[PDB]
Each structure stands twice: as structure tokens, then as C-alpha cells.
């Protein structure tokens, strides 16, 4: 059956305005670190990447559905640019950290963590932050991206006028990736 990489997140339903903004942010960042790559899809993590035995994928998804189904949609703000790495410092990310709405993400995490525990999986990061990743690169490029680049990225974001794109984002769904499979579920 195998063990399958499993991750729970909140998709971000990117539309043209956001993608066009990223068309400016990413080349800006690439003047500092050319090898940055745009994310293909956008989401905010609610869990670590864990592994689940194949037999438990559908039960895990159904456990999530049962919990997530009662959780209402909500609004968040993600307009604070951040540079971060993975734990091993072998990948660097540019993302947008959630400010308003963080508390609602924490409530989602509390439910996901319960499902994780129900299946013996690791619960969420001990220092929770939520962020919408925009781009990544191999290696540790924090020093190149933090400082002037970050400030300039933030100023691009701060100059962006349509509040619905980053300032008042209305969540819609939670999704669970397991291997190559993606299981969606609505928020109320």
C-alpha cells in the first residue's frame, strides 16, 4: 500500500489580480535570487507534512471532513512579506504571513491536530505561524532576501490597492493532500 505524504491546508483561490501582483513581486525578488521559482498553487498550511499508511487515507480524510464541515468561512489578512526556510535550511520561501484571521487559523489547526492525534500523527508547529507561500528556492537564501529585498517587496504589497486580494481574503475550503491525491472539503 505504502506510506503517503499527507498535508492539510487552506487553499487560496488565486485570481488574476493576485497572479499579476506576483508577476511583479517574483521578478523583483529574482533580481536578488534569480533561482526563485513561483509556487504553482497557493495555500496556507494547517499541518506538518506527515506520512500516513495508505489504508488510513480515506478514514483520515473523512475524519477531517467531519470536523472541518462545522467550521465557518472567515476572513484573513496576509500582506506581511516574510522570508523563511524549512527546518534543514535547504529551501527558502517568500510568503505572506497572516495577521488578522490568525486566530481562526489556530482554531482550524486545533481541529486538524486532533485528527492528527487520532491517527498518531505529529500535531502542528510549536510556534504557529500561517503563511501563504509565493515562491521558493533551493538552499538558504535568507541573507539575500531579508533586508533591502524584503523591504522593497513589502512596499510593493503595501502599494497594492484591492483589499479583496490580500487584506480581506475569504476562506472557502480545507484540503488534504495525500500522495498524489487531493481531498477538498468546504467550510461553512
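Numbering follows the first chain given and starts at 1.
Of the two segments examined, 118-126 and 57-65, it is 118-126 that shows the higher average Cα temperature factor in the deposited entry.
Higher mean CA temperature factor, per the PDB entry, when comparing 47-55 with 149-157: 47-55. When all modelled residues of the chain are sorted by CA temperature factor, residue 163 is found within the highest third. Annotation for residue 17: C-alpha temperature factor in the lowest third relative to the rest of the modelled chain, per the entry. Annotation for residue 77: CA B-factor lies in the lowest third of the chain's modelled residues. Among the modelled residues of its chain, residue 85 has a C-alpha B-factor that falls in the highest third according to the deposited record. Remark: residue 92 belongs to the middle third of its chain, ranked by C-alpha B-factor as recorded.
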